[PDB]
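> The amino acid sequence is not available; the structure is as follows:
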Ligand SMILES: C[As](C)(=O)[O-]
Ligand SMILES: C[As](C)(=O)[O-]
Ligand SMILES: C[As](C)(=O)[O-]
Ligand SMILES: [Zn+2]
Ligand SMILES: [Zn+2]
Ligand SMILES: [Zn+2]
Ligand SMILES: [Zn+2]
Ligand SMILES: [Zn+2]
Ligand SMILES: [Zn+2]
Ligand SMILES: [Zn+2]
Ligand SMILES: [Zn+2]
Ligand SMILES: [Zn+2]
Ligand SMILES: [Zn+2]
Ligand SMILES: [Zn+2]
Ligand SMILES: [Zn+2]
Ligand SMILES: [Zn+2]
């Protein structure tokens with residue numbers, strides 16, 4: 001908009017503990033032979049839980065994503081209802097957001113690509129979801145050839 005605005009880049013960091021929580025849960029149901037909680041969303045092996053901590057709940061405007069990969073691959077960052085307390089609820093399929101920001105990189109080059117229109121729609125939303133709580137949770141789906149160790153995934157906001 002304007003080349004003048006202060007920007008704050010906030011990293012989506014790997015949430016190893018809850019990722020595992022979720023990983024053990026899908027087990028459990030296996031060893032127990034119990035079914036899920038009706039509309040419960042079970043973390044697949046290909047997904048990993050990421051965390052985003054909002055440094056300034058207010059005055060965040062969202063500006064652009066800053067996601068890049070090490071190898072050619074694909075990733076999908078599906079947001080999560082800010083009403084989901086991983087301390088309390090079990091993530092419900094319905095708690096996932098629409099849409100998701102899908103990013104990918106093709107073989108020969110280094111240039112990142114994504115689903116623009118959607119990555120922007122989902123984006124403009126973080127500026128408000130920030131005012132709900134200082135913690136945002138996401139579920140990243142890794143393609144083939146990609147694993148957590150190839151990704152940088154911060155979100156750049158504008159300071160109002
Ligand atoms: C300067 As802008 C269009 O990335 O909010
Ligand atoms: C889901 As937790 C163990 O980071 O409060
Ligand atoms: C071809 As696929 C949708 O199983 O990564
Ligand atoms: Zn944690
Ligand atoms: Zn679960
Ligand atoms: Zn902007
Ligand atoms: Zn592909
Ligand atoms: Zn917790
Ligand atoms: Zn849609
Ligand atoms: Zn494109
Ligand atoms: Zn779409
Ligand atoms: Zn818009
Ligand atoms: Zn819109
Ligand atoms: Zn896959
Ligand atoms: Zn695939
Ligand atoms: Zn393929």
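Ah, there it is. Numbering: from 1, shown residues only. Ligands and ions are numbered 1, 2, ... in the order given.
> middle-most residue in this structure, spatially?
residue 138 (3.1 Å; Cα atoms, centre = their mean).
> my guess is that residue meets residue 82, correct?
No: counting by Cβ atoms under 8 Å, residue 138 sits too far from residue 82 to count as a contact (11.4 Å). Yep, even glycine has a C-beta here, placed from its N, CA and C like the rest.
> so what's residue 92 up against?
37, 39-41, 84 (Cβ atoms under 8 Å, 6 or more residues apart in numbering).
> What is the nearest of those residues to residue 4?
Minimum distance to residue 4 across those is 36.2 Å, recorded for residue 84 (Cβ to Cβ).
> Helix or strand: which one has that closest one?
Taking DSSP states H and E as the criterion, no element holds residue 84; it sits outside all helices and strands.
> how far away is it from residue 139?
According to Cβ to Cβ, to the nearest Å, residue 84 and residue 139 sit 11 Å apart.
> okay, and the common contacts of the two?
residue 91.
> And these two? Which one has more around it.
Per other Cβ atoms under 10 Å, whichever of residue 84 and residue 139 has more neighbours is residue 139, with 24 against 17.
> What strands flank the helix or strand the more buried one falls within, and is each parallel or antiparallel?
With the criterion set as DSSP H and E, the secondary-structure element containing residue 139 is strand 135-142. As defined by DSSP bridges, the strand partners of strand 135-142 come to strand 47-53 (antiparallel), strand 74-78 (antiparallel).
> Now the first one: buried residues?
Neighbour-count burial for strand 47-53 flags 47-52 (criterion: 16 or more other Cβ atoms under 10 Å).
> Residues of the chain that sit close to ligand 2?
If contacts are counted using Cβ under 6 Å from any ligand atom, the residues of the chain sitting beside ligand 2 are 17-18, 21, 86-87.
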